[PDB]
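What follows is a short report on a single structure.
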Amino acid sequence: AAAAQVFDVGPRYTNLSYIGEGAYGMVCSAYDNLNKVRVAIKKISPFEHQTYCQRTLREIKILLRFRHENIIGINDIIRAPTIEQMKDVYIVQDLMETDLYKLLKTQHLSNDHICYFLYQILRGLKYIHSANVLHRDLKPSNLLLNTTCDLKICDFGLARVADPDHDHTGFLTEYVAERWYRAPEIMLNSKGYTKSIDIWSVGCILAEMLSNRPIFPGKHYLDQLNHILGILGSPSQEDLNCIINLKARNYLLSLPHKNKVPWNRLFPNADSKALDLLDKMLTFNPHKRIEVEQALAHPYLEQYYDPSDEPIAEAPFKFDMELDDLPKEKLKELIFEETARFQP
Ligand SMILES: Nc1ncnc2c1ncn2[C@@H]1O[C@H](COP(=O)(O)OP(=O)(O)NP(=O)(O)O)[C@@H](O)[C@H]1O
């Protein structure tokens, strides 16, 4: 077994090079001795933990169903031929040279790159939302790029089927997705079961592409709201009237008045069309927040916008995957069945 621990991707995939740690394993580039191209392989070792099996199954089911230029595909899956022998799963993907997080740490983006990246993020997100799926973890590290600036959305581990009828919850309800890209309603009254939570995350990414730093870098759950409201200012009476939960409403009413900080103050060299779209994506009230199809049609993106070339999903997910309380053993059996089509 080739080692890097065991990275047992058989004879086909050779010349392994450690390109990071992952969720439930490590990631390597490798030479595909068949297709004579380098590839990424993610070793996943999740069968110990019911949570790890849930995220692994959800991610495999979604990425096998999706087919889109701006969403990472699965080219291959390597696992043992029997459930008993299966400890690790290896997911083979196109090799991408970098990610937007690594890029923002090191590179000034031109207005043309910001425009093109945002276009490709929304084009992929249109397809995801069209499939009745919410990503729920959009952040720079989950946007891969290659040397010609092609962008692919990855990491569907926290993705869910949209369920707006069941989105409402209490104040300060605990959440999983990265704090800095969390929509204000998450801290207030939302489980994050609506498409508007992804649009908030995209708006945070846009702001981060304009400055190379996170726009709302909260140090904890409730500091996150301090940050958002320091820029958007105090929510309007109308926007408060949409929050019926007394704990969330009275919290907001307890805060001192703050006027909006205008985007042109924060980003004085930004394209004014970019700031108009940013404003529409970072709307406090999720009911007023721009939707993915309206974002694509915004004047900022007019050099790229072509809805005939922005495909939607053939086969939407109609109901959620009832993985909530399956024994890890049933989830290992579902992962086994979902990966069967790659077996010789
Ligand atoms: N197809 C790919 N090509 C190249 N690098 C990749 C690829 N997929 C993931 N990576 C790298 O592996 C890590 C990201 O893994 P990803 O598939 O986004 O899931 P994750 O569980 O979010 N991983 P991470 O948070 O980075 O530890 C980062 O080091 C990426 O830059």
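Residues in the structure tokens are named by chain (A, B, ... in the order shown) and by number from 1 within that chain; ligands are numbered from 1 in the order shown.
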
Using DSSP on the backbone coordinates, identify all residues within range 77-324 of chain A classified as strand (DSSP E); present the result as a short mmCIF file (atom, residue, chain, number, x, y, z; two decimals) with C-alpha atoms, in the first residue's frame.
```cif
data_model
loop_
_atom_site.label_atom_id
_atom_site.label_comp_id
_atom_site.auth_asym_id
_atom_site.auth_seq_id
_atom_site.Cartn_x
_atom_site.Cartn_y
_atom_site.Cartn_z
CA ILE A 77 -14.28 6.44 -6.27
CA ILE A 78 -11.83 3.82 -4.87
CA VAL A 89 -13.11 5.83 0.47
CA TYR A 90 -10.98 7.74 -2.09
CA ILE A 91 -12.73 10.43 -4.15
CA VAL A 92 -10.97 11.36 -7.40
CA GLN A 93 -11.58 14.86 -8.81
CA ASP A 94 -10.05 17.23 -11.40
CA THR A 98 -5.61 26.76 -5.77
CA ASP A 99 -8.68 28.08 -3.92
CA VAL A 133 -30.32 22.24 -2.76
CA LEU A 134 -28.70 24.76 -0.32
CA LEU A 143 -14.17 27.71 -4.28
CA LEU A 144 -11.45 25.97 -6.27
CA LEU A 145 -9.59 27.57 -9.20
CA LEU A 151 -13.95 28.27 -10.65
CA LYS A 152 -15.67 25.18 -9.19
CA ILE A 153 -17.79 25.06 -6.04
CA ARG A 160 -29.53 20.33 2.63
CA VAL A 161 -32.74 20.17 0.53
#
```

List all protein, DNA and RNA residues that have at least one atom no more than 10 Å from any atom of ligand 1, counting only C-alpha atoms and all ligand atoms, and write them as JSON, numbers by chain.
{"A": [18, 19, 20, 21, 22, 23, 24, 25, 26, 27, 28, 29, 38, 39, 40, 41, 42, 44, 55, 56, 59, 72, 73, 74, 91, 92, 93, 94, 95, 96, 97, 98, 99, 100, 101, 102, 137, 139, 140, 141, 142, 143, 144, 145, 146, 152, 153, 154, 155, 156, 157, 158]}

Give me the residues within 9 Å of residue 278 in chain A as a list in words, counting only C-alpha atoms and dropping any in the same chain fewer than 4 places off.
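What passes the distance filter is residues 202, 203, 204, 206, 207, 263, 273, 274, 282 and 283 of chain A.
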
Assign secondary structure with DSSP using the backbone only, and return the residues of range 30-209 of chain A in helix (DSSP H, G or I) as number ranges by chain.
A: 50-65, 100-106, 111-130, 140-142, 164-166, 179-181, 184-188, 196-209

Hey, what's within 9 Å of residue 301 in chain A if we count only C-alpha atoms and toss same-chain stuff fewer than 3 positions away? As a PyMOL selection string, please?
chain A and resi 115-116+118-119+273-274+295-298+304-305

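When only C-alpha atoms are used to compute distances to residue 110 in chain A, the closest of the residues A:210, A:246, A:342, A:333 turns out to be A:210.
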
Any idea what's packed within 10 Å of residue 315 in chain A, counting only C-alpha atoms, ignoring anything in its chain fewer than 4 positions away? Could you give it as a PyMOL selection string?
chain A and resi 65-66+130-132

Same residues, N, CA and C atoms, saved as a PDB file, in the first residue's frame:
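The result, written out as out_20.pdb:
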```pdb
ATOM      1  N   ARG A  65     -24.951  13.385  -8.634  1.00  0.00           N
ATOM      2  CA  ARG A  65     -26.203  13.800  -9.314  1.00  0.00           C
ATOM      3  C   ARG A  65     -25.937  15.079 -10.115  1.00  0.00           C
ATOM      4  N   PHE A  66     -25.089  15.971  -9.624  1.00  0.00           N
ATOM      5  CA  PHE A  66     -24.810  17.264 -10.276  1.00  0.00           C
ATOM      6  C   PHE A  66     -23.873  17.062 -11.460  1.00  0.00           C
ATOM      7  N   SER A 130     -31.492  25.496  -8.246  1.00  0.00           N
ATOM      8  CA  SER A 130     -32.439  24.921  -9.231  1.00  0.00           C
ATOM      9  C   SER A 130     -32.732  23.456  -8.860  1.00  0.00           C
ATOM     10  N   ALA A 131     -31.827  22.801  -8.151  1.00  0.00           N
ATOM     11  CA  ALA A 131     -31.955  21.383  -7.751  1.00  0.00           C
ATOM     12  C   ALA A 131     -32.616  21.295  -6.359  1.00  0.00           C
ATOM     13  N   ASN A 132     -33.083  22.424  -5.855  1.00  0.00           N
ATOM     14  CA  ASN A 132     -33.741  22.574  -4.529  1.00  0.00           C
ATOM     15  C   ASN A 132     -32.727  22.284  -3.423  1.00  0.00           C
TER      16      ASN A 132
END
```

Hey, which of A:15, A:212, A:236, A:294 ends up closest to residue 126 in chain A? Count only C-alpha atoms.
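Looking at the shortest contact to residue 126 in chain A, the residue is A:294.
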
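Each of A:103, A:205, A:242, A:149 was checked against residue 168 in chain A using only C-alpha atoms; the smallest atom-to-atom distance is that of A:242.
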
Rounded to one decimal, what separation in Å do you get between CA of residue 251 in chain A and CA of residue 234 in chain A?
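About the pair CA of residue 251 in chain A and CA of residue 234 in chain A: they are 11.7 Å apart.
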
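Pairwise distance (CA of residue 127 in chain A, CA of residue 150 in chain A) equals 16.4 Å.
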